[PDB]
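Worksheet: one structure, shown below.
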């Protein structure tokens, strides 16, 4: 579920979708972009 980074920039209607939601937990090769995300999911950033 693309969610962009917790703060990759301003914008609002557009975005480079620099956020990825993985049901479970972040894994190696990734970089948490948001301390959290949804009530049932997070949001990591596959290496920038």
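We did not get these values from a lab; they are worked out from the coordinates using the rules stated.
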One-quarter of the Cα convex hull surface for the chain, in nm²?
3.3 nm²
Stretched out fully, how many nm does the piece from residue 47 to residue 31 gain, at 0.36 nm a residue minus the Cα gap?
5.2 nm
